[PDB]
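Going in written order, the chains are labelled A, B, C, D, E and F, and every chain counts its residues from 1.
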Amino acid sequence: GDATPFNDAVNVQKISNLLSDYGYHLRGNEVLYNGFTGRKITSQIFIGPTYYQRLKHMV
Amino acid sequence: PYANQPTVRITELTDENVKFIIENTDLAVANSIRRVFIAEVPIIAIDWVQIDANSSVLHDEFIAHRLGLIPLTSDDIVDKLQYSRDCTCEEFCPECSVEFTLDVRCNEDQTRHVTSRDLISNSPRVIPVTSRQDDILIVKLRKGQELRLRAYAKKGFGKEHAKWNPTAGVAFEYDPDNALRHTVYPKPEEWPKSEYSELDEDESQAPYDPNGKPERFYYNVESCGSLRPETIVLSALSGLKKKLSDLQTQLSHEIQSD
Amino acid sequence: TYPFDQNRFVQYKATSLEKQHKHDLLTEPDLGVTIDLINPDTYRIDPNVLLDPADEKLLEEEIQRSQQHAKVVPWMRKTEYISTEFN
Amino acid sequence: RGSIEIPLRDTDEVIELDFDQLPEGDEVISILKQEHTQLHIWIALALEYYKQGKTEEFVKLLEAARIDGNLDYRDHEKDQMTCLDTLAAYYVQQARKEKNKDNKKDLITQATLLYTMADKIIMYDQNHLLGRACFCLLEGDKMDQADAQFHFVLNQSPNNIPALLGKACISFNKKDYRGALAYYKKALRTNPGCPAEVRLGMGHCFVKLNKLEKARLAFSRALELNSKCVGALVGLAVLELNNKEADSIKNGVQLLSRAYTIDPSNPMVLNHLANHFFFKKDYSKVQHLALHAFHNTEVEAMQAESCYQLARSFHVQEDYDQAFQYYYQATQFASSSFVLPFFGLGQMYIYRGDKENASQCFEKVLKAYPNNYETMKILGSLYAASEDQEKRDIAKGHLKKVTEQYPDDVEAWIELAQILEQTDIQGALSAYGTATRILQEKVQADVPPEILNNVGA
Amino acid sequence: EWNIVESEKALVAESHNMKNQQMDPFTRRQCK
Amino acid sequence: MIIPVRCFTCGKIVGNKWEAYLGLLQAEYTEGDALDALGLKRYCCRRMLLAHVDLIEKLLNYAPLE
């Protein structure tokens, strides 16, 4: 994907309409089951791939 | 005051994944089985690596770590082995391990794809997944670089290290239509339909069902190749049943000894 | 009461229901194929058989998707890896 | 081939007769019996009589061959059983295409007598089980018995394709298209010799389970090989009857006028030409073709529709007396075929004031599927008056179907308020408000006093 | 090379999609 | 450095799929069909091949000997 700052062909409605073509919630939300009990969480969790960094400050 | 009486319905059965339906059971039972598929079914995996010669571009533990994550064909053998910590042997036994061996030297000019092909087992059954599609790349060697190690595989389960988890991904689901309202949609029509949804394309979620339990748990157990996807299930049921039997034993001791 | 008209004729008409009916092909109780083993006078078992791609397709039961991978989407590029030939 | 040699007593293989001309079948049995010819030439000349397109001489010349079984042929019983195998299989094959002078039992009783004499020399052979299996299709019972006799041909010697094909016709009778489709595959791989276009039965099972891309592809090849087969052409007419706004000329001319001139004794193409002319308002030929589409058919699927076409052509002419009995025969012959005969008797029972039975016959219309036209049938013929919820519940559920949709509703809101006078008094008022204004758009017509009187009531 | 092909055959869509400029979530300055 | 053996998220083996994936990019495929043809259904596993940067190819240029 393309995340250039000042692009304006990119917005959130456009991404959302794409997302909804793959069988996901248009807003990126999902329906999580709780790992302990197995019961659905009553809130729809926002979930998706994000780039994370490990910083040098290890404990 | 007693148990419910569940029914099973296999929907899809391949050599890679299982789709099954469990009916007439508690939400807790249906999820605890999911936990056990992930973390408490035993498999065989590399867990001891003795590195004799390593001249590759990677570290020493990088090699060893990657060897750990390679799945090994476990079905016939894993319910026979001792856990390593339980074998009487002073080192390792064929009753408590399977021995592996990697000896690779790049002599030629082209680069060497160190693959799972190179892992030579002493047991013919507990091999890497090669039987019947490429092979797990371990390293890449250059002209003059080599790798000699011997390795041992032991029994373990995903509660220790992810390496012993037999599954790709367990797809648990219940109540495809929002009949229990376990989840509360702000806009229930923005939501795509479940795979399992017994609903038309008109309405968004099922009407509210006040008095009603979860049943019909939808599973999709996907094997990493270390077991058949249907053996993961029989093993987990047997694992959970065994934890409870053990628990009961310990309980009975506690009761009579008070 | 109101004198509603008795539906003694068809004036909608029922042309929308009679044309949609799929009438089954029952020209012969053996499904238009004679069951016998004496009639086969001629044969096509010899090599370089009389057959067509139109026939070939009919041998399969069901073989005949997600086409949106190859969308333009001017805000989405392709990836780049490690060569050994660059600036 | 076309001129074979006939053995004689002295200097045999010197006489040949040409097979292009049509001789008498009475002198053949004598010329083959005064010279003591071997049994093989009997079947050799029989096949050349069947190659010219003649089904009667092949079965009549082989009838007198039972007498001269083993006179002086020195143990030639094998060719005798092969001769009698044809007299135990072609009788059942010809019983389906009966003429107007013979019945079914007249060819069944001859297929049962000589089959026992055929099993005296060799029993349970490659084709003897074919006769026992196909004996059950002619009477319409014992389907499991015929399938179990067909399976035995795979374990003895399955040296042909039609050796296996018999199980798929029995799988078809139990409404099993998955088991039949799998067996019809084997039919195309070998491409066996059969004038019947073996591909035809394959293309017939491609009709179901939404395989319109497959059935056409089956019919097309069948048309190219032999255009004489109408069973490949009328199917495309039935595959194209759904498109009434598009492709009309091909469906009345290329699929109905061609199949009729090549084979006029077919009740299927006659039924389809009748219903096509019915929309063009030409009733002079619908009743003429439907009488000929009725007397030649035997199974109950075609005859119920042929009577339904006759009563539909009689209903539009204010002729319900003759059409009532045809509508009853359409349901008495074949009831589980389609919903049309139940709806025709429902609109027919309205006559003579016997609208009681129209409700019982219209009840089976909803069991298949509802319709926006069937909802107003029982609503008009509603016998519910007051404190009668066995019949008022159906009128409410029918009125909820006409309320949403707008098929030029004019009196739909009147029947709404005519039920709601006992229930909430605001509902009848809401229906009269809209029913008062819906009677002004078609013409400038004042509201009749009967509606204003009840809305004020 | 296929990213050159991909990016040119894609960005012409901003010239071809002429009928529907309507959607909200984007703005721009218009001074004086 | 080198393609992970398993999808970190789910645990599916992706280690064997990298050569094949580059092979499907020797063919004229979009990455979206390459990932699909290899059978990566989840958006976890699909990230592994999209996002893997192959640095072992660069480390291999630093010969020890010859």
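Basically, a residue touches a chain if its C-beta (ideal position, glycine included) is under 8 Å from a C-beta of that chain, and two chains touch if they have at least 3 such contacts.
Engineer: For subunit B, which other chain has the most distant CA centre?
Structural biologist: D
Engineer: Please tell me whether A-B or C-D has the greater number of C-beta pairs in contact.
Structural biologist: More C-beta contacts join the chains of C-D.
Engineer: Which whole number of Å gives the spacing of the CA centres of subunit A and subunit E?
Structural biologist: Inter-chain centre distance comes to 25 Å.
Engineer: Between subunit C and subunit E, tell me the centre distance in angstrom, where each centre is the average of that chain's C-alpha atoms.
Structural biologist: 40
Engineer: Where the CA atoms of subunit B average out and where those of subunit E average out, how many Å apart are those spots?
Structural biologist: Measuring from centre to centre gives 47 Å for this pair.
Engineer: Return the distance between the CA-based centres of subunit A and subunit D, expressed in whole Å.
Structural biologist: 58
Engineer: For subunit C, which residues are shared contacts with two or more other chains?
Structural biologist: Subunit C, residues with two or more chain partners: 73-74, 76-78.
Engineer: In subunit A, what residues contact two or more other chains?
Structural biologist: 9, 14 - these are the residues of subunit A that touch more than one other chain.
Engineer: Would you pick out the residues of subunit D that each touch at least 2 other chains?
Structural biologist: Expected reply: no residues.
Engineer: Of all residues in subunit A, which touch subunit C in the complex?
Structural biologist: 1-2, 7, 9-10, 14, 18, 21
Engineer: Sort out for me which residues of subunit E touch subunit A in the complex.
Structural biologist: Counting only subunit E, the residues touching subunit A are 14, 23-26, 28.
Engineer: Which residues, counting only subunit D, touch subunit C once they are in their complex?
Structural biologist: Residue positions touching the partner: 47, 50-51, 85-86, 89-90, 93, 96, 126-127, 130, 134, 137, 160, 162-163, 165-166, 168-169, 172, 181-182, 185, 188-202, 204-205, 207, 214, 217-218, 220-221, 230-231, 234-235, 238, 241-242, 244, 266, 268, 275, 279, 299, 301-302, 305, 315-316, 318, 320, 338, 340, 343, 347, 350-351, 371, 373, 376-377, 380-381, 407, 411, 414-415, 418, 448, 450-451.
Engineer: Please output the residues of subunit C touching subunit F within their complex, sorted ascending.
Structural biologist: 66, 69-70, 78-79, 81-84
Engineer: Which residues, counting only subunit E, touch subunit C once they are in their complex?
Structural biologist: 2-3, 6-7, 9-11, 13-14
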